[PDB]
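What follows is the content of entry_30.cif, which has mmCIF, C-alpha atoms:
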data_protein
loop_
_atom_site.label_atom_id
_atom_site.label_comp_id
_atom_site.auth_asym_id
_atom_site.auth_seq_id
_atom_site.Cartn_x
_atom_site.Cartn_y
_atom_site.Cartn_z
CA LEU A 1 -21.98 4.66 -24.82
CA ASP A 2 -23.88 5.59 -21.67
CA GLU A 3 -25.20 8.73 -20.02
CA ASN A 4 -22.23 8.52 -17.64
CA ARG A 5 -20.00 8.59 -20.76
CA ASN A 6 -18.48 5.24 -19.79
CA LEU A 7 -17.28 2.76 -22.40
CA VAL A 8 -19.93 0.14 -21.63
CA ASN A 9 -20.43 -3.25 -23.25
CA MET A 10 -23.90 -4.70 -23.82
CA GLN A 11 -24.21 -6.26 -20.35
CA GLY A 12 -23.29 -3.12 -18.39
CA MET A 13 -19.62 -3.72 -17.59
CA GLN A 14 -17.26 -0.79 -18.07
CA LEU A 15 -14.04 -1.03 -20.07
CA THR A 16 -10.97 -0.56 -17.87
CA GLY A 17 -7.62 1.03 -18.58
CA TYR A 18 -5.25 3.82 -17.73
CA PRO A 19 -6.73 7.32 -17.26
CA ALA A 20 -5.28 10.62 -18.49
CA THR A 21 -4.74 13.79 -16.47
CA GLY A 22 -3.12 17.15 -17.16
CA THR A 23 -3.29 20.03 -19.61
CA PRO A 24 -2.43 18.68 -22.07
CA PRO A 25 -3.40 15.37 -20.46
CA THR A 26 -0.89 12.55 -20.26
CA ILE A 27 -1.26 8.86 -19.45
CA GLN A 28 -0.20 7.83 -15.93
CA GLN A 29 1.12 4.39 -16.84
CA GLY A 30 2.18 3.65 -13.26
CA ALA A 31 -1.33 4.26 -11.94
CA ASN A 32 -3.60 1.24 -11.66
CA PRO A 33 -6.22 0.96 -14.44
CA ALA A 34 -9.53 2.75 -13.96
CA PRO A 35 -12.85 2.74 -15.87
CA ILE A 36 -12.17 4.89 -18.93
CA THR A 37 -14.60 7.73 -19.65
CA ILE A 38 -15.18 10.13 -22.54
CA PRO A 39 -16.64 13.32 -21.01
CA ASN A 40 -17.79 16.37 -22.96
CA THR A 41 -15.78 18.95 -21.01
CA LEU A 42 -13.94 21.35 -23.30
CA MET A 43 -10.22 22.19 -23.18
CA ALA A 44 -8.43 25.38 -22.16
CA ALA A 45 -6.05 27.26 -24.44
CA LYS A 46 -2.27 27.60 -24.17
CA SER A 47 -0.43 30.81 -25.04
CA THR A 48 2.09 30.99 -27.87
CA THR A 49 5.71 30.27 -26.94
CA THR A 50 7.46 29.83 -30.32
CA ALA A 51 7.06 31.48 -33.75
CA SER B 1 8.80 -11.58 -2.71
CA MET B 2 8.80 -9.17 -5.66
CA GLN B 3 10.64 -9.08 -8.99
CA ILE B 4 11.16 -5.97 -11.10
CA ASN B 5 13.07 -4.80 -14.18
CA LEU B 6 14.68 -1.37 -14.40
CA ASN B 7 15.71 0.88 -17.28
CA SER B 8 19.36 1.67 -17.96
CA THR B 9 18.56 5.03 -19.58
CA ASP B 10 16.12 5.99 -16.82
CA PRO B 11 17.24 9.36 -15.39
CA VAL B 12 17.09 10.50 -11.78
CA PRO B 13 13.76 12.11 -10.77
CA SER B 14 13.47 15.86 -11.19
CA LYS B 15 12.29 16.80 -7.68
CA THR B 16 15.20 15.31 -5.76
CA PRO B 17 13.68 15.61 -2.22
CA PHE B 18 11.55 12.48 -2.10
CA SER B 19 7.83 12.93 -1.46
CA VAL B 20 5.16 10.22 -1.67
CA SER B 21 2.60 12.67 -3.10
CA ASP B 22 3.92 13.68 -6.54
CA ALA B 23 4.58 11.08 -9.22
CA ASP B 24 7.67 12.75 -10.71
CA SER B 25 9.40 12.65 -7.31
CA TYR B 26 10.12 8.93 -7.87
CA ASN B 27 10.77 6.58 -10.78
CA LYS B 28 8.44 3.62 -10.16
CA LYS B 29 5.51 2.71 -7.91
CA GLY B 30 4.41 -0.81 -7.01
CA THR B 31 1.73 -2.12 -4.65
CA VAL B 32 1.20 -5.15 -2.43
CA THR B 33 -1.45 -6.29 0.06
CA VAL B 34 -0.51 -7.45 3.56
CA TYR B 35 -2.80 -9.23 6.00
CA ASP B 36 -2.45 -8.75 9.74
CA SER B 37 -3.35 -11.14 12.56
CA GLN B 38 -6.94 -9.81 12.51
CA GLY B 39 -7.91 -10.22 8.85
CA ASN B 40 -7.44 -6.57 7.84
CA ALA B 41 -5.82 -5.75 4.51
CA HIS B 42 -3.18 -3.02 4.46
CA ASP B 43 -1.76 -1.60 1.24
CA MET B 44 2.04 -1.36 1.18
CA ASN B 45 3.49 0.69 -1.67
CA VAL B 46 7.10 0.39 -2.80
CA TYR B 47 8.71 3.38 -4.48
CA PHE B 48 11.78 3.18 -6.69
CA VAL B 49 14.18 6.11 -7.15
CA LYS B 50 17.44 5.72 -9.05
#

Target format structure tokens, applied to this file:
Amino acid sequence: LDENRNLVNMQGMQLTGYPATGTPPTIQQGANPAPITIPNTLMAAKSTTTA
Amino acid sequence: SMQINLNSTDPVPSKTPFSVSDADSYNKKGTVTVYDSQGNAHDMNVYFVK
């Protein structure tokens, strides 16, 4: 891991793959691969819709 | 020249009026690079809607 929260191998290269966006996030398979990150930003809540 | 495969059970996109901005407005996106007579690369995107 790295301070930029990139998936970094020993020599500094960043692992590449599909990113995820949304709430809840979903993979954009059609989008070209991008350097994957693991940030520390929290998630927002979703109200109840079924009980 | 470009070759693709398509899904039989793929439905039509939700937002029927086509727009190049939103992903759900189409079914598939592909890219290609074209070179002009000056050495400049342009990106041509093909969009597939069933």

Report task. Spell out the residues picked by the PyMOL selection byres ((chain B and resi 28) around 6) here, as JSON, numbers by chain. Result -> {"B": [27, 29, 47, 48]}

Applied to this file, what does the PyMOL selection byres ((chain A) within 10 of (chain B)) return in terms of residues, put as a short mmCIF file (atom, residue, chain, number, x, y, z; two decimals) with C-alpha atoms, in the coordinates of the input?
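out.cif written:
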data_model
loop_
_atom_site.label_atom_id
_atom_site.label_comp_id
_atom_site.auth_asym_id
_atom_site.auth_seq_id
_atom_site.Cartn_x
_atom_site.Cartn_y
_atom_site.Cartn_z
CA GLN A 28 -0.20 7.83 -15.93
CA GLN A 29 1.12 4.39 -16.84
CA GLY A 30 2.18 3.65 -13.26
CA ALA A 31 -1.33 4.26 -11.94
CA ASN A 32 -3.60 1.24 -11.66
#

Please, what is the axis-aligned box for every listed atom of range 4-11 of chain B with 5 Å on each side, as centre and edge lengths in Å to one decimal, as AutoDock Vina command-line options?
--center_x 15.3 --center_y 1.7 --center_z -15.3 --size_x 18.2 --size_y 25.3 --size_z 18.5

**Report entry** Residues matched by the PyMOL selection byres ((chain A and resi 3-15) around 8), written as a list in words
**Finding:** residues 1, 2, 16, 17, 35, 36, 37, 38 and 39 of chain A

Query raised in the report: Using only C-alpha atoms, which residues sit within 12 Å of residue 43 in chain A once same-chain residues fewer than 3 positions away are excluded, as a list in words?
Result: residues 22, 23, 24, 25, 39, 40 and 46 of chain A

Query raised in the report: Do you have the CA of residue 46 in chain B-CA of residue 24 in chain B distance handy?
Result: 14.7 Å

Query - Computed interatomic separation between CA of residue 50 in chain B and CA of residue 26 in chain B (Å) - result: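 Interatomic distance here is 8.1 Å.
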
Query raised in the report: Quick one, how far is CA of residue 15 in chain B from CA of residue 49 in chain B?
Result: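 Straight-line distance from CA of residue 15 in chain B to CA of residue 49 in chain B works out to 10.9 Å.
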
Query raised in the report: If you count only C-alpha atoms, which residues fall within 12 Å of residue 33 in chain B, apart from same-chain ones fewer than 5 positions away, as a VMD selection string?
Result: chain B and resid 1 39 to 46
